[PDB]
Amino acid sequence: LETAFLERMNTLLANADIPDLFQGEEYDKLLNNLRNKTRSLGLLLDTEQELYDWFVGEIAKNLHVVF
Amino acid sequence: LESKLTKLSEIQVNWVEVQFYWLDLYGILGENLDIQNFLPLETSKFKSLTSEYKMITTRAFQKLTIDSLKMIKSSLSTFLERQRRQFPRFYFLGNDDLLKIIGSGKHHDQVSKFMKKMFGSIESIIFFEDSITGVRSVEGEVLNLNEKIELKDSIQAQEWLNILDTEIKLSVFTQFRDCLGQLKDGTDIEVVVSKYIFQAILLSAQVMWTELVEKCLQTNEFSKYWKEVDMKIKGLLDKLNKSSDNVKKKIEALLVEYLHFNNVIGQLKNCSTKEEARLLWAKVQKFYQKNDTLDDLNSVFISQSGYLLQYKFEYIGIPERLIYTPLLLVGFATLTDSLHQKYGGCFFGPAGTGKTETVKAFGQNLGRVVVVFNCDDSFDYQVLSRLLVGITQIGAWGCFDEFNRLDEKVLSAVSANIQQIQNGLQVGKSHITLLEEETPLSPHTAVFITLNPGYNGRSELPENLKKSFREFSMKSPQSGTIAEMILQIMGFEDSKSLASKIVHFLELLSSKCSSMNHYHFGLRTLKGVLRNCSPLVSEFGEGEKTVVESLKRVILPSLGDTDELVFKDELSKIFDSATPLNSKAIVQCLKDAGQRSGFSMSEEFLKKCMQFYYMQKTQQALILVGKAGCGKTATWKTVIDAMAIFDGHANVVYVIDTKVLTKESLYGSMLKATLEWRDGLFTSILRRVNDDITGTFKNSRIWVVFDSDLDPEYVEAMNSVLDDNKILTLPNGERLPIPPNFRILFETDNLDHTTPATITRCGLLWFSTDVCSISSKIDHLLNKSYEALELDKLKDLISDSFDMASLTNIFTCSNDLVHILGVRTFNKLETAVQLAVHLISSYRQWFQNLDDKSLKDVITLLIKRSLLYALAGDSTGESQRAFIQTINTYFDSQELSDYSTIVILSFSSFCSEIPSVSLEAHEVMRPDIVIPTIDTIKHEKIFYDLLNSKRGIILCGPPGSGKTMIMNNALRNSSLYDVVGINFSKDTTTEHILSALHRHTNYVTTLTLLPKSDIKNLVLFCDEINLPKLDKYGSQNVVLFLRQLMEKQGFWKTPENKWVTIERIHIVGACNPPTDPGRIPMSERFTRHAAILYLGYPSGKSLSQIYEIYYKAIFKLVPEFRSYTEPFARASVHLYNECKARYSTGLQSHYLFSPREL
Amino acid sequence: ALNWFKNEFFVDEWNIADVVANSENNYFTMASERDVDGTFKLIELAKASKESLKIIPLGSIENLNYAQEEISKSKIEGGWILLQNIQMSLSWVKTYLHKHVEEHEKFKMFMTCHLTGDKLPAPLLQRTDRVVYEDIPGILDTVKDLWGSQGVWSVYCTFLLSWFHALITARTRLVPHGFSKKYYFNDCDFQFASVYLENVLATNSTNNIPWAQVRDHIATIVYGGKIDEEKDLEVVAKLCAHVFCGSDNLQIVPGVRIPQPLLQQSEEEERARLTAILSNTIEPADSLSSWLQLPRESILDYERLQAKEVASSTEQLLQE
Ligand SMILES: Nc1ncnc2c1ncn2[C@@H]1O[C@H](COP(=O)(O)OP(=O)(O)OP(=O)(O)O)[C@@H](O)[C@H]1O
Ligand SMILES: Nc1ncnc2c1ncn2[C@@H]1O[C@H](COP(=O)(O)OP(=O)(O)O)[C@@H](O)[C@H]1O
Ligand SMILES: Nc1ncnc2c1ncn2[C@@H]1O[C@H](COP(=O)(O)OP(=O)(O)O)[C@@H](O)[C@H]1O
Ligand SMILES: [Mg+2]
């Protein structure tokens, strides 16, 4: 509808995820959910950087956008 | 324990703020009785807050409370509204100020500080024995009240405020009546002028003048009264020089009035007939007096052109009286004509012609202080209607300066309110309705507008609104008359000839100079040169040398290079001569400050500093303009330090970039969700310096520099700040005075988009060329790099390493070479010096075990490498070979070829630096795999070396050339840097950049934006810097923000109005060449602070090599095709080259090939 | 020659009053060029027909809500309503007003939109009537309308002021020779000059009329407010001296002479005599040049260019 949609899609496609959505409370909730999923899946990650890069790898592997 | 001390100071400040909030709440509700019943839920909340405050105080004696106080502050909105209804003048006060003024139920001393904001001409009240006995105007004159006003503990603010408001008019009328009785007794005005308040003498003299003129006009003689008036003026001028400063100002205003009287008498005497005399008597303003009215505050009325107005008898103090030009009289007549039918007088014309001052003079002649507002783009319908309903209840005259600045929708919407106000004044309505609420309507109020047509970015008046106004043009002011009477009143021996000379000189200077945009020599420059010639009389004396020195000090810094010669020739040919000022102490202070800061005191820089000091000696707002990197920041910083040394006054500076913040964050924004006002950044600074809680801002100069382009929408909201009003007018009615020590500077590069309204109103300082020598600049950079860090021996030898005689010739010959991202060589010395110093400081740990010849040769090789990669570091291949050949020519020294590089401690090349790669089959899916070539390893080494030098690196090249590729290769193998990926678009904001760093940084107060890692730096990689688009006035938000983050090493936080300091964040950017379609040019003010590199397309042979390694690694899968790895690589390279050559961009907009396709 | 077609084959013409009186449509849209408005005509029309208008300008959400409430109440009970500058609320007029109009015997709605402004929606314009307001080309027609809109000295001064206003309004439409720029003198200037004339005539009861005072105040203050160039000011002062000379014999028009009032007549027969001397005057064909005291060449140039554009347009029109 408006160029902010294009900017959001551009941010999603340039990197692998949007830093805008996960800010503050949402970022903390995503960190907790990612920690729970990683512990449930069976990996040993506790630092923020490795967990977030695993999230980046997952979203790069399992998301395709067709324009 | 610096962090602990900062935490303790912050806790103390928060405790003080909480104590102030609780004091206000206790004053409004917690102390006064029978006040809880208005709002019971708010009363219970106040009781709970009182319990919380008592618990907090007990805990402190032995956060959440602040949040609760902020939540309950919104519950006081209707109480504040009804309190403002109780006293109409509270609409000029802020909500916190209104809390302070209501809660002070027994102190009765908080009122004096806010009375300047309320009344506009009174800043203090004399108190004795808990009673009001004296009122003091802004000029220090004390008005004795007619009757002392008693104060009780029970009475709150508004009742005694209303009593004081009535007593002000009563005392002014009593003093006027006594002065008029004394004048009718026949005494001279020289004894009267030292007795009463100035307004009494002024209006009584006007009444006597019009009565005696009428008496003489009944007959046909004028010589007797003309002689009497002339002798009165001469006696007053004789009395001027032997009295106090307050009496001096009063006498000056009396001379203005009596000189206007003499002008009118001279106009009437030269008449022949009687009809023309009656015409000129009818046109001029007359001050009659009612003889039969038993009322006392309406006994004097003003007649002009047959119309009548009522004197409000409001205290005005001593203002700066305006010289009565004929245009001023015609404007007064048209305002009287507009006000006879309760319409609105409108003034329009070119800027700097005397419109707002004319309205203020009319209001002072009618004896009511005129409140002035500055219309802005943030003024929507709600705030404008609030200001209108505020000024209708008060009855004071509102003057909406720059009425064109409003949005056209708001201009159409306010038409109904304006017509309603006019009709209510016409029909004498007791109440009018605005904002869906009935309010009383005073029968004294009126509205004026001063629009400025013909300037870009300004909407036009819709006709339903313009029909409700009377517009009058002010095209040609009478500058000669103003100059003549002002020179006469300052006591100059010759006045008429001097005024004619200065006006004709200004006209000749305007006509016979290089006609560019920023030249304007109208009335504002004349007023400025007179205000600068006023204090020079102590060191020079009244005459011609004073006025020529004032003309020089006002005009010369604003001229170019040849225009200075034209100005000097004109001043020599129109005036007699030019004893010069000694200026020994100030130049000694400047030289000491320059030696302390390491700058070189060249003739041009010293002249610019002298001009800046002499301009700022009386001018309050200055604008510094010139090319990029002339030295404006250095100039004003070193003159601030020199001033601090000279005067002993402490100096604090606030560096604000105007285009990096929105208007709602700079000046403020009204939260529509709760109808509450949030202060911006500049408003917060002004409020902090005006309130002066700490007490240390009284004897300290305050400087605010605006280090960005002069956007009209961002700077024309300061129209009422920079001019003679010196009042900031917020949308919510707050009126912040500007202290005399508050000074504003401007720092930009162009004045094409600026307007003459904000050019004339500020002092100007044009930088024709650079201020410093290139060798002196290199010496300064070396000094700062040495101070940034045996050591003395190393510094001496590296200083002896430079040979500036060949360096300046190399710099002058470097201009023939082609460049991208067009920047002058004067800016590129920073990267050269910093790279050389960093390299020597890094290699000094192996510089203690070799001979001097090898050391000198190695250092000269490093200097050659730094100079090459700085001056020609953003060039093509053949250009780089040409420049390395040139620098080898211009320096016995160690030879440096296209591939010369030190090895870890001798000379080598990249022939032996290529490592063999065992590229396995399954590793081609990793995007980070690199095939090292000559250019790849060279670019990676220089990129890592530049990034280790604590600088900014901008990598340029065609798309797909390998910019982020070599950056990832360089920063991947290093365990000290982290890479963050930010990609820009057509609309990227500062909030996006801050949001992409929130998950990578941590906020710590000491503010400071540290990286999350305590050992690894962070490299802010902003890709595609050219993509963020311009706004409608030639500026870029993101590029200016990055320039702020690189030079000032910080930025201003928007929602908290606090400065942060960056510590361990490096800025690295990538951009396509500007000639690429879709890409846009970028300012030199940002490329000055960063080094630029070219990353071109590799040669076709290099592509064939890297892709035959790729094809061997890909044919490791199938072993019987190992001999065909090269034909496929050659076919792929040839196909890519032919596809690029055939399908160009001119066919389709997306035919942009790259090695990424391969 | 251009007006000959209308004067010959066309026997009737319509004003705003005849349009609003002879239309079954309850909605009207008025239009005018830049820097001219016709709100006062609708105000006077409503006052003549004994109806209460409501001027509700658009541009803000509060004004839009007030307009919604007022239009609902006026539909329920009656009365008139007016909307000013509807182009500043394009989204509102595209959605809500289109829905309302597309969906009482004393309910009329008036809207004003600029011709040079943004394009109004096609269905809303087609659904409502259209009226264009502009200055009257006829000088004598302008004098007639100003006379019909309104001791004997007051009536005489009002007559002279109406003639002055019509003459200066006829002159201000000549761009290259009439003035330096394009100026417009609306009704507010006439109201101010009339109020000043009545104020002067009321105060000076000696019957020694200070015509210099009136001349200078009209040329400088009332009608000279919008004047920017000095040449426009001096030509306005010259025409004011020509018309407001205040002599016993007065020739404002080369074919019309106005007797001065006597000290024994009442206002009604004076108004009748002034109407009689107005109506007997016939407008010459060259009135654009002879009445304004102008050289012929510029007047013929302007007329030739106007007629050339008009004839080219009608020749392009008539070929299909
Ligand atoms: N007299 C001097 N001696 C030594 N160095 C000087 C002198 N004058 C200026 N310079 C150098 O000039 C450089 C650029 O000047 P400055 O920092 O004031 O630029 P600026 O006005 O802020 O630039 P811009 O408008 O492009 O943002 C400074 O780094 C400073 O070292
Ligand atoms: N007697 C006077 N007549 C005209 N102008 C004067 C007189 N005295 C001072 N001035 C100058 O006129 C200026 C008025 O500025 P003005 O044109 O009203 O600003 P704006 O156009 O923004 O309202 C002041 O800066 C003042 O120095
Ligand atoms: N050792 C190398 N030498 C030259 N080119 C290379 C080398 N390694 C990779 N490349 C090419 O560089 C490209 C990377 O370009 P990239 O840096 O993404 O462009 P941009 O900087 O515009 O994003 C890859 O597609 C690859 O084909
Ligand atoms: Mg102003």
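Quick one: B:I316 ticks every box in (1) away from ligand 2 (no atom under 16 Å from the Cβ); (2) assigned to a helix (DSSP H, G or I) bar one, so which box is it?
Here B:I316 clears every test but (2).
When only residues in the range C:47-69 that are within 23 Å of C:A21 (Cα to Cα) and in a loop (DSSP other than H, G, I, E, B) count, which is nearest to the other protein chains (Cβ to nearest Cβ)?
Residues of the range C:47-69 that are within 23 Å of C:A21 (Cα to Cα), as a first pass: C:47-56.
Filter once more, keeping what is in a loop (DSSP other than H, G, I, E, B): C:49-54.
On the way: C:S49: 21, C:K50: 19, C:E51: 18, C:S52: 14, C:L53: 12, C:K54: 10 Å.
Among those that are within 23 Å of C:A21 (Cα to Cα) and in a loop (DSSP other than H, G, I, E, B), it is C:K54.
Does the range C:69-86 contain any residue that is acidic (D, E), out of contact with any strand residue (DSSP E or B) (no Cβ under 7 Å at 6 or more places or on another chain) and loosely packed, with under 14 Cβ neighbours inside 10 Å? I'd like the intermediate steps shown before the answer.
Applying the first criterion (acidic (D, E)) to the range C:69-86 yields C:69-70, C:77.
Those left that are additionally out of contact with any strand residue (DSSP E or B) (no Cβ under 7 Å at 6 or more places or on another chain): C:69, C:77.
Subsequent filtering for residues that are loosely packed, with under 14 Cβ neighbours inside 10 Å retains C:69, C:77.
Scanning the range C:69-86 turns up at least one residue that is acidic (D, E), out of contact with any strand residue (DSSP E or B) (no Cβ under 7 Å at 6 or more places or on another chain) and loosely packed, with under 14 Cβ neighbours inside 10 Å.
Would you check which residues across the range C:15-46 are within 14 Å of chain B (Cβ to nearest Cβ) and part of a loop (DSSP other than H, G, I, E, B) and list them?
Listed by number, the residues that qualify are C:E33, C:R34, C:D35, C:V36, C:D37, C:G38.
Let's see how each residue does on (1) within 16 Å of ligand 1 (Cβ to nearest atom); (2) under 24 Å from C:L64 (Cβ atoms); (3) crowded, with 23+ Cβ neighbours inside 10 Å:
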{"position": "B:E320", "(1), (2), (3)": "no, no, no"}
{"position": "B:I391", "(1), (2), (3)": "no, no, yes"}
{"position": "B:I394", "(1), (2), (3)": "no, no, no"}
{"position": "B:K409", "(1), (2), (3)": "no, yes, no"}
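Taking the options B:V1039, B:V1060, B:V1068, name whichever one is within 16 Å of ligand 3 (Cβ to nearest atom), out of contact with any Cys (no Cβ under 7 Å at 6 or more places or on another chain), away from chain A (no Cβ under 14 Å) and not charged (D, E, K, R).
It is B:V1068.
Residues checked against (1) within 14 Å of chain C (Cβ to nearest Cβ); (2) within 16 Å of ligand 1 (Cβ to nearest atom); (3) closer than 20 Å to B:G331 by Cα:
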residue	(1), (2), (3)
B:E471	yes, no, yes
B:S476	yes, no, yes
B:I489	no, no, no
B:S497	no, no, no
B:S515	no, no, no
B:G522	no, no, yes
B:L530	no, no, no
B:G541	no, no, no
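Select the helices (runs of 4 or more DSSP H) contained entirely in the range B:771-820, then report the ones holding at least 3 residues which are more than 38 Å from the chain's Cα centre (by Cα).
Numbers: elements: B:774-788, B:791-801, B:804-813.
Where helices (runs of 4 or more DSSP H) fall fully within the range B:771-820 and carry at least 3 residues being more than 38 Å from the chain's Cα centre (by Cα), they are B:791-801, B:804-813.
Can you tell me how many residues within the range B:237-284 are more than 14 Å from chain C (Cβ to nearest Cβ), in a loop (DSSP other than H, G, I, E, B) and under 47 Å from the mean Cα position of the chain (by Cα)?
So the answer is 4.
Among the residues in the range B:455-473, are any farther than 27 Å from B:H753 by Cβ and assigned to a loop (DSSP other than H, G, I, E, B)?
Of the residues in the range B:455-473, the ones farther than 27 Å from B:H753 by Cβ are B:463-472.
Now drop any that are not assigned to a loop (DSSP other than H, G, I, E, B), which leaves B:467-468.
Checking the range B:455-473: at least one residue is farther than 27 Å from B:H753 by Cβ and assigned to a loop (DSSP other than H, G, I, E, B).
Mind checking which helices (runs of 4 or more DSSP H) fall wholly inside the range B:323-401 and carry at least 1 residues that are within 10 Å of chain C (Cβ to nearest Cβ) and within 16 Å of ligand 2 (Cβ to nearest atom)? Steps first, answer last, please.
Working: elements: B:326-340, B:356-365, B:381-394.
Result: B:326-340.
Could you say which residue among B:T638, B:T658, B:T633, B:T674 is in contact with a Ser or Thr (Cβ under 7 Å, 6 or more places away or on another chain), polar (S, T, N, Q), away from chain C (no Cβ under 14 Å) and within 12 Å of ligand 1 (Cβ to nearest atom)?
On the way: B:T658 fails: within 12 Å of ligand 1 (Cβ to nearest atom); B:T633 fails: in contact with a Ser or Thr (Cβ under 7 Å, 6 or more places away or on another chain); B:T674 fails: within 12 Å of ligand 1 (Cβ to nearest atom).
The conditions single out B:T638.
Would a scan of the range B:150-157 turn up a residue that is more than 25 Å from B:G120 (Cα to Cα), surrounded by fewer than 16 Cβ atoms within 10 Å (Cβ to Cβ) and among the β-branched types (V, I, T)?
Here is the first cut: in the range B:150-157, the ones more than 25 Å from B:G120 (Cα to Cα) are B:152-154.
In the following step, the residues that additionally are surrounded by fewer than 16 Cβ atoms within 10 Å (Cβ to Cβ) were identified as B:152-154.
Checking which are among the β-branched types (V, I, T) leaves us with none.
Within the range B:150-157, none of the residues are more than 25 Å from B:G120 (Cα to Cα), surrounded by fewer than 16 Cβ atoms within 10 Å (Cβ to Cβ) and among the β-branched types (V, I, T).
Quick check on B:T1001: is it of a type in the set (V, I, T) and more than 20 Å from A:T47 (Cβ to Cβ)? Quick ask: steps written out before the conclusion?
Working: of a type in the set (V, I, T): yes; more than 20 Å from A:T47 (Cβ to Cβ): no.
Spelling it out, it is not the case that B:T1001 is of a type in the set (V, I, T) and more than 20 Å from A:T47 (Cβ to Cβ).
Which residues, counting only those in the range B:523-550, are of a type in the set (A, V, I, L, M) and under 20 Å from B:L508 (Cα atoms)? Working first, answer last.
Taking the range B:523-550 and keeping what is of a type in the set (A, V, I, L, M), we get B:523, B:526, B:529-530, B:536-537, B:547-548.
Hits for the range B:523-550 are B:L523, B:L526, B:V529, B:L530, B:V547, B:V548.
How many residues are surrounded by 20 or more Cβ atoms within 10 Å (Cβ to Cβ) and not in a helix (DSSP H, G or I) if we restrict to the range C:168-178?
The initial filter retains those residues of the range C:168-178 that are surrounded by 20 or more Cβ atoms within 10 Å (Cβ to Cβ), namely C:168-171, C:178.
Those still in the list that are not in a helix (DSSP H, G or I) too: none.
The total comes to 0.
Look at B:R881 and say whether it is in contact with an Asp or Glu (Cβ under 9 Å, 6 or more places away or on another chain), within 30 Å of B:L789 (Cβ to Cβ) and surrounded by 13 or more Cβ atoms within 10 Å (Cβ to Cβ). Let's see the steps before the verdict.
Working: in contact with an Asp or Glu (Cβ under 9 Å, 6 or more places away or on another chain): yes; within 30 Å of B:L789 (Cβ to Cβ): no; surrounded by 13 or more Cβ atoms within 10 Å (Cβ to Cβ): yes.
In short, no.
Condition (residue is within 29 Å of A:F22 (Cβ to Cβ), within 14 Å of chain A (Cβ to nearest Cβ) and in a helix (DSSP H, G or I)) applied to the range B:944-964: is it met by at least one residue? First the steps, then the outcome.
Pass one, the range B:944-964, residues within 29 Å of A:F22 (Cβ to Cβ): B:947, B:952, B:963-964.
Next, from what is left, pick out any that are within 14 Å of chain A (Cβ to nearest Cβ): B:964.
Still in the list and also in a helix (DSSP H, G or I): B:964.
Taking every residue of the range B:944-964 in turn, at least one turns out to be within 29 Å of A:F22 (Cβ to Cβ), within 14 Å of chain A (Cβ to nearest Cβ) and in a helix (DSSP H, G or I).
Name the residues in the range C:263-320 that are surrounded by 12 or more Cβ atoms within 10 Å (Cβ to Cβ) and outside any helix (DSSP H, G or I), would you?
Scanning the range C:263-320 gives C:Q265, C:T281, C:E283, C:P284, C:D286, C:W291, C:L292, C:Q293, C:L294.
I'd like the residue in the range B:686-721 that is within 14 Å of B:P739 (Cβ to Cβ) and of a type in the set (A, V, I, L, M) and, out of all such residues, is nearest to ligand 2 (Cβ to nearest atom).
Among them, the one singled out is B:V721.
Just to be sure, is C:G246 surrounded by fewer than 18 Cβ atoms within 10 Å (Cβ to Cβ), under 23 Å from C:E198 (Cα atoms) and more than 22 Å from the chain's Cα centre (by Cα)? Give the derivation first.
Values: surrounded by fewer than 18 Cβ atoms within 10 Å (Cβ to Cβ): yes; under 23 Å from C:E198 (Cα atoms): yes; more than 22 Å from the chain's Cα centre (by Cα): yes.
Yes: the conditions hold for C:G246.
If I ask for residues that are surrounded by 15 or more Cβ atoms within 10 Å (Cβ to Cβ) and in a loop (DSSP other than H, G, I, E, B), which ones from the range B:1075-1092 would you list?
Once the filter is applied, which keeps residues that are surrounded by 15 or more Cβ atoms within 10 Å (Cβ to Cβ) and in a loop (DSSP other than H, G, I, E, B), the range B:1075-1092 yields B:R1079, B:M1082, B:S1083, B:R1088, B:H1089, B:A1090.
Run down B:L745, B:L764 and say which single residue is more than 14 Å from chain C (Cβ to nearest Cβ), buried (at least 20 other Cβ atoms within 10 Å of the Cβ) and either more than 15 Å from ligand 1 (Cβ to nearest atom) or in a helix (DSSP H, G or I) (or both).
Values: B:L745 fails: either more than 15 Å from ligand 1 (Cβ to nearest atom) or in a helix (DSSP H, G or I) (or both).
When all the criteria are applied, what remains is B:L764.
Matching residues to (1) away from ligand 3 (no atom under 16 Å from the Cβ); (2) surrounded by 18 or more Cβ atoms within 10 Å (Cβ to Cβ); (3) not charged (D, E, K, R):
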site	(1), (2), (3)
B:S272	yes, no, yes
B:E276	yes, no, no
B:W281	yes, no, yes
B:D296	yes, no, no
B:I323	yes, yes, yes
B:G344	yes, yes, yes
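Which ranges mark the helices (runs of 4 or more DSSP H) fully within chain A that have 2 or more residues being at the interface with chain B (Cβ under 9 Å from one of its Cβ atoms)? Walk me through how you get there before you give the answer.
Numbers: elements: A:3-14, A:25-41, A:48-62.
So the answer is A:3-14, A:48-62.
Go through the range B:492-522 and count every residue that is polar (S, T, N, Q), surrounded by 13 or more Cβ atoms within 10 Å (Cβ to Cβ) and within 19 Å of B:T481 (Cβ to Cβ). Spell out how you get there, then give the answer.
Kept after step one, since they are polar (S, T, N, Q), are these residues of the range B:492-522: B:495, B:497, B:500, B:510-511, B:514-515, B:517.
Narrowing further to those that are surrounded by 13 or more Cβ atoms within 10 Å (Cβ to Cβ): B:495, B:500, B:510, B:517.
Pick out the ones that are also within 19 Å of B:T481 (Cβ to Cβ) and you get B:495, B:500, B:510.
Qualifying residue count for the region: 3.
Within the range B:1132-1158, work out how many residues are loosely packed, with under 13 Cβ neighbours inside 10 Å and either within 16 Å of ligand 4 (Cβ to nearest atom) or not in a loop (DSSP other than H, G, I, E, B) (or both).
Residues meeting the conditions: 5.
Please report, ordered by residue number, the helices (runs of 4 or more DSSP H) entirely within the range B:555-669 with at least 2 residues that are within 23 Å of the chain's Cα centre (by Cα) and away from ligand 3 (no atom under 16 Å from the Cβ). It would help to see each step written out before you state the result.
Numbers: elements: B:562-574, B:584-597, B:603-616, B:632-647, B:663-666.
In the range B:555-669, B:603-616, B:632-647, B:663-666 are the helices (runs of 4 or more DSSP H) which contain 2 or more residues that are within 23 Å of the chain's Cα centre (by Cα) and away from ligand 3 (no atom under 16 Å from the Cβ).
Reconstructed Cβ throughout: ideal geometry from the backbone, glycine too, with neighbour counts over all protein chains shown. Since every read-out is calculated from the coordinates, none of them should be taken as a lab result.
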